[PDB]
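As stored in work-v1.cif (mmCIF, N, CA and C atoms):
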data_model
#
loop_
_atom_site.label_atom_id
_atom_site.label_comp_id
_atom_site.auth_asym_id
_atom_site.auth_seq_id
_atom_site.Cartn_x
_atom_site.Cartn_y
_atom_site.Cartn_z
N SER A 943 20.29 -47.93 4.01
CA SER A 943 19.57 -47.87 2.74
C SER A 943 18.64 -49.06 2.54
N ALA A 944 18.26 -49.74 3.63
CA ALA A 944 17.36 -50.88 3.52
C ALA A 944 15.95 -50.44 3.14
N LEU A 945 15.50 -49.31 3.69
CA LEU A 945 14.14 -48.81 3.51
C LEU A 945 14.08 -47.72 2.46
N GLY A 946 14.88 -47.84 1.40
CA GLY A 946 14.99 -46.77 0.42
C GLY A 946 13.77 -46.61 -0.46
N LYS A 947 12.95 -47.65 -0.59
CA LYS A 947 11.78 -47.57 -1.47
C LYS A 947 10.70 -46.67 -0.88
N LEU A 948 10.48 -46.75 0.44
CA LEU A 948 9.52 -45.86 1.08
C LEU A 948 10.06 -44.44 1.18
N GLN A 949 11.36 -44.31 1.49
CA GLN A 949 11.98 -43.00 1.62
C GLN A 949 12.04 -42.28 0.29
N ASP A 950 12.11 -43.04 -0.82
CA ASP A 950 12.07 -42.44 -2.15
C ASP A 950 10.72 -41.79 -2.40
N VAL A 951 9.63 -42.47 -2.03
CA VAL A 951 8.28 -41.93 -2.20
C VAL A 951 8.08 -40.70 -1.32
N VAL A 952 8.55 -40.76 -0.07
CA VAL A 952 8.44 -39.63 0.84
C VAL A 952 9.22 -38.42 0.32
N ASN A 953 10.44 -38.67 -0.18
CA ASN A 953 11.27 -37.59 -0.70
C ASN A 953 10.69 -36.99 -1.97
N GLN A 954 10.11 -37.82 -2.85
CA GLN A 954 9.48 -37.31 -4.06
C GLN A 954 8.26 -36.45 -3.74
N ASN A 955 7.43 -36.87 -2.78
CA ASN A 955 6.26 -36.07 -2.43
C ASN A 955 6.66 -34.76 -1.75
N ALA A 956 7.65 -34.81 -0.86
CA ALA A 956 8.11 -33.59 -0.20
C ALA A 956 8.79 -32.64 -1.18
N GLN A 957 9.51 -33.18 -2.15
CA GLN A 957 10.16 -32.34 -3.15
C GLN A 957 9.15 -31.72 -4.11
N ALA A 958 8.08 -32.45 -4.44
CA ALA A 958 7.01 -31.87 -5.25
C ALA A 958 6.29 -30.74 -4.51
N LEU A 959 6.02 -30.93 -3.22
CA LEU A 959 5.43 -29.85 -2.41
C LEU A 959 6.37 -28.65 -2.31
N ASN A 960 7.67 -28.89 -2.13
CA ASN A 960 8.63 -27.80 -2.02
C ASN A 960 8.74 -27.03 -3.33
N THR A 961 8.68 -27.73 -4.47
CA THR A 961 8.69 -27.07 -5.77
C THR A 961 7.42 -26.24 -5.97
N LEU A 962 6.27 -26.78 -5.56
CA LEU A 962 5.01 -26.05 -5.70
C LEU A 962 4.99 -24.80 -4.83
N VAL A 963 5.57 -24.87 -3.63
CA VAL A 963 5.68 -23.69 -2.77
C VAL A 963 6.68 -22.69 -3.35
N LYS A 964 7.79 -23.19 -3.90
CA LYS A 964 8.84 -22.34 -4.47
C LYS A 964 8.35 -21.59 -5.71
N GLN A 965 7.40 -22.17 -6.45
CA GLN A 965 6.87 -21.53 -7.66
C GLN A 965 6.09 -20.26 -7.38
N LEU A 966 5.67 -20.01 -6.14
CA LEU A 966 5.04 -18.74 -5.80
C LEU A 966 6.02 -17.58 -5.80
N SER A 967 7.32 -17.85 -5.65
CA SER A 967 8.32 -16.79 -5.64
C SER A 967 8.64 -16.27 -7.04
N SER A 968 8.15 -16.92 -8.09
CA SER A 968 8.42 -16.49 -9.45
C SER A 968 7.34 -15.53 -9.93
N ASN A 969 7.77 -14.47 -10.62
CA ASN A 969 6.84 -13.47 -11.13
C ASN A 969 6.26 -13.81 -12.50
N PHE A 970 6.88 -14.76 -13.22
CA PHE A 970 6.43 -15.23 -14.54
C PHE A 970 6.32 -14.09 -15.55
N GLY A 971 7.26 -13.15 -15.50
CA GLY A 971 7.24 -12.02 -16.40
C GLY A 971 6.54 -10.78 -15.87
N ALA A 972 5.87 -10.86 -14.72
CA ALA A 972 5.24 -9.69 -14.14
C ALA A 972 6.28 -8.84 -13.41
N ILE A 973 5.83 -7.68 -12.94
CA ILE A 973 6.74 -6.76 -12.26
C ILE A 973 7.13 -7.27 -10.88
N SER A 974 6.28 -8.09 -10.25
CA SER A 974 6.57 -8.62 -8.93
C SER A 974 5.85 -9.94 -8.76
N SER A 975 6.36 -10.76 -7.85
CA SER A 975 5.73 -12.02 -7.50
C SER A 975 4.73 -11.90 -6.36
N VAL A 976 4.63 -10.73 -5.74
CA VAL A 976 3.71 -10.50 -4.63
C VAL A 976 2.46 -9.82 -5.17
N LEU A 977 1.30 -10.39 -4.86
CA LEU A 977 0.04 -9.85 -5.36
C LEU A 977 -0.32 -8.53 -4.69
N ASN A 978 0.01 -8.39 -3.40
CA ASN A 978 -0.31 -7.17 -2.67
C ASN A 978 0.50 -5.98 -3.17
N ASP A 979 1.74 -6.21 -3.60
CA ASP A 979 2.55 -5.14 -4.17
C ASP A 979 1.96 -4.62 -5.47
N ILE A 980 1.48 -5.52 -6.32
CA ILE A 980 0.85 -5.12 -7.58
C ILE A 980 -0.47 -4.40 -7.30
N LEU A 981 -1.26 -4.91 -6.35
CA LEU A 981 -2.54 -4.29 -6.03
C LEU A 981 -2.39 -2.95 -5.32
N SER A 982 -1.26 -2.71 -4.65
CA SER A 982 -1.02 -1.43 -4.00
C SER A 982 -0.23 -0.46 -4.87
N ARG A 983 0.38 -0.92 -5.95
CA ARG A 983 1.16 -0.06 -6.83
C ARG A 983 0.42 0.39 -8.08
N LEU A 984 -0.54 -0.38 -8.59
CA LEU A 984 -1.05 -0.16 -9.93
C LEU A 984 -2.56 0.03 -9.94
N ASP A 985 -3.03 0.76 -10.95
CA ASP A 985 -4.45 0.84 -11.25
C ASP A 985 -4.93 -0.50 -11.79
N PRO A 986 -6.21 -0.84 -11.59
CA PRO A 986 -6.76 -2.14 -12.04
C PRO A 986 -6.63 -2.44 -13.54
N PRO A 987 -6.64 -1.46 -14.48
CA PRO A 987 -6.36 -1.85 -15.88
C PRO A 987 -5.00 -2.49 -16.14
N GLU A 988 -3.93 -2.06 -15.48
CA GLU A 988 -2.64 -2.71 -15.68
C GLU A 988 -2.33 -3.75 -14.60
N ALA A 989 -2.89 -3.57 -13.40
CA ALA A 989 -2.79 -4.61 -12.39
C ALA A 989 -3.53 -5.87 -12.83
N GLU A 990 -4.56 -5.72 -13.66
CA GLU A 990 -5.24 -6.87 -14.24
C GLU A 990 -4.29 -7.67 -15.13
N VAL A 991 -3.45 -6.98 -15.91
CA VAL A 991 -2.48 -7.67 -16.77
C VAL A 991 -1.41 -8.37 -15.94
N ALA B 348 18.01 23.94 -14.10
CA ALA B 348 19.26 23.59 -14.75
C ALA B 348 19.04 23.36 -16.24
N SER B 349 20.14 23.26 -16.97
CA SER B 349 20.09 22.77 -18.34
C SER B 349 19.94 21.25 -18.33
N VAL B 350 19.60 20.68 -19.48
CA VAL B 350 19.35 19.24 -19.53
C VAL B 350 20.66 18.44 -19.52
N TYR B 351 21.75 19.00 -20.06
CA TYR B 351 23.03 18.30 -20.01
C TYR B 351 23.60 18.32 -18.60
N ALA B 352 23.24 19.33 -17.82
CA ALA B 352 23.72 19.51 -16.46
C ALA B 352 22.54 19.48 -15.51
N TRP B 353 21.69 18.45 -15.65
CA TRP B 353 20.42 18.37 -14.94
C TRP B 353 20.64 18.24 -13.44
N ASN B 354 19.89 19.03 -12.66
CA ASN B 354 20.08 19.02 -11.22
C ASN B 354 19.36 17.85 -10.59
N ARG B 355 20.00 17.23 -9.60
CA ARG B 355 19.41 16.14 -8.85
C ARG B 355 19.35 16.53 -7.38
N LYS B 356 18.17 16.40 -6.78
CA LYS B 356 17.95 16.73 -5.38
C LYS B 356 17.48 15.49 -4.64
N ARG B 357 18.08 15.22 -3.49
CA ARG B 357 17.65 14.11 -2.65
C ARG B 357 16.44 14.54 -1.82
N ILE B 358 15.39 13.73 -1.86
CA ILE B 358 14.21 13.90 -1.03
C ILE B 358 14.22 12.79 0.00
N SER B 359 14.30 13.16 1.28
CA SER B 359 14.35 12.18 2.35
C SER B 359 13.84 12.81 3.63
N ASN B 360 13.41 11.94 4.55
CA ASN B 360 13.02 12.29 5.92
C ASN B 360 11.87 13.29 5.98
N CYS B 361 10.83 13.05 5.17
CA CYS B 361 9.73 14.00 5.12
C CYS B 361 8.46 13.27 4.70
N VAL B 362 7.33 13.96 4.86
CA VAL B 362 6.03 13.43 4.46
C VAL B 362 5.61 14.13 3.18
N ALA B 363 5.36 13.35 2.13
CA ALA B 363 5.10 13.90 0.80
C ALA B 363 3.61 13.81 0.50
N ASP B 364 3.00 14.94 0.17
CA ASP B 364 1.60 15.00 -0.24
C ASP B 364 1.57 15.09 -1.76
N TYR B 365 1.40 13.94 -2.42
CA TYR B 365 1.29 13.93 -3.87
C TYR B 365 -0.11 14.23 -4.37
N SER B 366 -1.11 14.34 -3.49
CA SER B 366 -2.45 14.69 -3.95
C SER B 366 -2.56 16.15 -4.36
N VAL B 367 -1.67 17.03 -3.87
CA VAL B 367 -1.72 18.42 -4.29
C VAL B 367 -0.96 18.66 -5.59
N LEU B 368 -0.13 17.71 -6.01
CA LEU B 368 0.58 17.77 -7.28
C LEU B 368 -0.22 17.15 -8.41
N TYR B 369 -0.79 15.97 -8.17
CA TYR B 369 -1.50 15.25 -9.22
C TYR B 369 -2.82 15.93 -9.57
N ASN B 370 -3.49 16.50 -8.57
CA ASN B 370 -4.74 17.20 -8.81
C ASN B 370 -4.53 18.63 -9.29
N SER B 371 -3.28 19.10 -9.33
CA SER B 371 -3.00 20.42 -9.87
C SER B 371 -3.13 20.41 -11.39
N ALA B 372 -3.77 21.46 -11.92
CA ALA B 372 -3.97 21.62 -13.35
C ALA B 372 -2.82 22.34 -14.03
N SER B 373 -1.75 22.64 -13.29
CA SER B 373 -0.62 23.37 -13.85
C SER B 373 0.24 22.49 -14.76
N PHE B 374 0.28 21.18 -14.50
CA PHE B 374 1.20 20.29 -15.18
C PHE B 374 0.51 19.72 -16.42
N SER B 375 1.09 19.99 -17.59
CA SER B 375 0.54 19.44 -18.82
C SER B 375 0.89 17.97 -19.00
N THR B 376 2.07 17.54 -18.56
CA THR B 376 2.48 16.14 -18.67
C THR B 376 2.67 15.56 -17.28
N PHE B 377 2.01 14.44 -16.99
CA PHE B 377 2.20 13.73 -15.72
C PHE B 377 2.12 12.24 -16.04
N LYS B 378 3.27 11.63 -16.32
CA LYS B 378 3.33 10.22 -16.73
C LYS B 378 4.09 9.43 -15.69
N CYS B 379 3.40 8.52 -15.00
CA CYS B 379 4.04 7.68 -13.99
C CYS B 379 4.26 6.27 -14.53
N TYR B 380 5.42 5.71 -14.21
CA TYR B 380 5.86 4.41 -14.70
C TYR B 380 6.16 3.52 -13.50
N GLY B 381 5.54 2.34 -13.48
CA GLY B 381 5.74 1.37 -12.43
C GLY B 381 4.96 1.63 -11.15
N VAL B 382 4.18 2.70 -11.09
CA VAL B 382 3.38 3.03 -9.92
C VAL B 382 2.19 3.86 -10.38
N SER B 383 1.01 3.60 -9.81
CA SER B 383 -0.13 4.42 -10.16
C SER B 383 -0.05 5.78 -9.47
N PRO B 384 -0.50 6.85 -10.14
CA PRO B 384 -0.41 8.18 -9.52
C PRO B 384 -1.35 8.38 -8.35
N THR B 385 -2.46 7.65 -8.30
CA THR B 385 -3.37 7.76 -7.16
C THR B 385 -2.98 6.87 -6.00
N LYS B 386 -2.02 5.97 -6.19
CA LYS B 386 -1.56 5.09 -5.13
C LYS B 386 -0.32 5.64 -4.44
N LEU B 387 0.06 6.87 -4.78
CA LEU B 387 1.32 7.43 -4.30
C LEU B 387 1.27 7.77 -2.82
N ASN B 388 0.13 8.25 -2.34
CA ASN B 388 0.01 8.59 -0.92
C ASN B 388 -0.09 7.36 -0.03
N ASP B 389 -0.42 6.20 -0.59
CA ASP B 389 -0.54 4.98 0.19
C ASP B 389 0.77 4.21 0.32
N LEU B 390 1.81 4.62 -0.40
CA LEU B 390 3.12 3.97 -0.33
C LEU B 390 4.12 4.83 0.42
N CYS B 391 5.12 4.15 0.97
CA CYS B 391 6.28 4.78 1.58
C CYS B 391 7.49 4.46 0.71
N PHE B 392 8.32 5.47 0.44
CA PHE B 392 9.40 5.33 -0.53
C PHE B 392 10.76 5.50 0.14
N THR B 393 11.76 4.84 -0.44
CA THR B 393 13.15 5.06 -0.09
C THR B 393 13.93 5.50 -1.33
N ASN B 394 14.93 6.36 -1.10
CA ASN B 394 15.81 6.93 -2.13
C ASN B 394 15.00 7.68 -3.20
N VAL B 395 14.34 8.75 -2.76
CA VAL B 395 13.56 9.60 -3.64
C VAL B 395 14.47 10.67 -4.22
N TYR B 396 14.47 10.79 -5.54
CA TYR B 396 15.34 11.75 -6.20
C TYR B 396 14.54 12.55 -7.21
N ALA B 397 14.83 13.85 -7.26
CA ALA B 397 14.12 14.79 -8.13
C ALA B 397 15.12 15.40 -9.09
#

Any chance you could give the structure as structure tokens?
Amino acid sequence: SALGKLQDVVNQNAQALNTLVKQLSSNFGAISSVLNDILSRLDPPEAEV
Amino acid sequence: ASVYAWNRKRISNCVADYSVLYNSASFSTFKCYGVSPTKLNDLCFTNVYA
């Protein structure tokens, strides 16, 4: 644990990137989190929503 | 069937042409939920029940 100050910065940046990548898996209230599924399932008036 | 004893049929292992159903003028009500009616031929389905 001698080099913990640099490893803390590395871990924080990697965890922020992992959270940003993980946020793509959330649908945020939509029917699906995948854009291609919505574009292949729905007409553009409701796929727009 | 009657509505209290509604019949359920499994649809599986076949190719479904929904363009001859949706373009038919025989059906007064055609309401699709969660899928567009014109996108039906472009999708493949599992566990189809009628």

Please compute the atom C of residue 976 of chain A-atom CA of residue 959 of chain A distance, one decimal, in Å. 20.4 Å

Suppose a student applies the PyMOL selection byres ((chain B and name CA) within 8 of (chain A and name CA)) to this structure; what residues should they get, written as a PyMOL selection string? chain B and resi 381-383+386-387+389-390

Under the PyMOL selection byres ((chain B and resi 354-362) around 5), which residues of this model are included? Write them out as a ChimeraX atom specification. /B:352-353,363-364,395-397

Let's have the selection written as an mmCIF file, in the coordinates of the input, with N, CA and C atoms.
data_model
loop_
_atom_site.group_PDB
_atom_site.id
_atom_site.type_symbol
_atom_site.label_atom_id
_atom_site.label_comp_id
_atom_site.auth_asym_id
_atom_site.auth_seq_id
_atom_site.Cartn_x
_atom_site.Cartn_y
_atom_site.Cartn_z
ATOM 1 N N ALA B 352 23.240 19.330 -17.820
ATOM 2 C CA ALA B 352 23.720 19.510 -16.460
ATOM 3 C C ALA B 352 22.540 19.480 -15.510
ATOM 4 N N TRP B 353 21.690 18.450 -15.650
ATOM 5 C CA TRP B 353 20.420 18.370 -14.940
ATOM 6 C C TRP B 353 20.640 18.240 -13.440
ATOM 7 N N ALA B 363 5.360 13.350 2.130
ATOM 8 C CA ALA B 363 5.100 13.900 0.800
ATOM 9 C C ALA B 363 3.610 13.810 0.500
ATOM 10 N N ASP B 364 3.000 14.940 0.170
ATOM 11 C CA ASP B 364 1.600 15.000 -0.240
ATOM 12 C C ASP B 364 1.570 15.090 -1.760
ATOM 13 N N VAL B 395 14.340 8.750 -2.760
ATOM 14 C CA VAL B 395 13.560 9.600 -3.640
ATOM 15 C C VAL B 395 14.470 10.670 -4.220
ATOM 16 N N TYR B 396 14.470 10.790 -5.540
ATOM 17 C CA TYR B 396 15.340 11.750 -6.200
ATOM 18 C C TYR B 396 14.540 12.550 -7.210
ATOM 19 N N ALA B 397 14.830 13.850 -7.260
ATOM 20 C CA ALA B 397 14.120 14.790 -8.130
ATOM 21 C C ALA B 397 15.120 15.400 -9.090
#

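Here atom C of residue 388 of chain B stands at a distance of 8.6 Å from atom CA of residue 366 of chain B.
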
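Picture a line from atom CA of residue 969 of chain A to atom N of residue 952 of chain A; it runs 29.5 Å.
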
For segment 365-377 of chain B, take all atoms listed in the file, fit an axis-aligned box around them, add 4 Å to each of the six sides, then output centre and edge lengths in Å rounded to one decimal, as JSON.
{"center_x": -1.0, "center_y": 17.8, "center_z": -10.7, "size_x": 15.4, "size_y": 19.1, "size_z": 24.6}

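Note that DSSP on the backbone gives helix (DSSP H, G or I) to these residues of chain B: residues 366, 367, 368, 369, 384, 385 and 386 of chain B.
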
Residues of chain B classed as strand (DSSP E or B) by DSSP on the backbone are to be reported as number ranges by chain. B: 357-358, 395-396
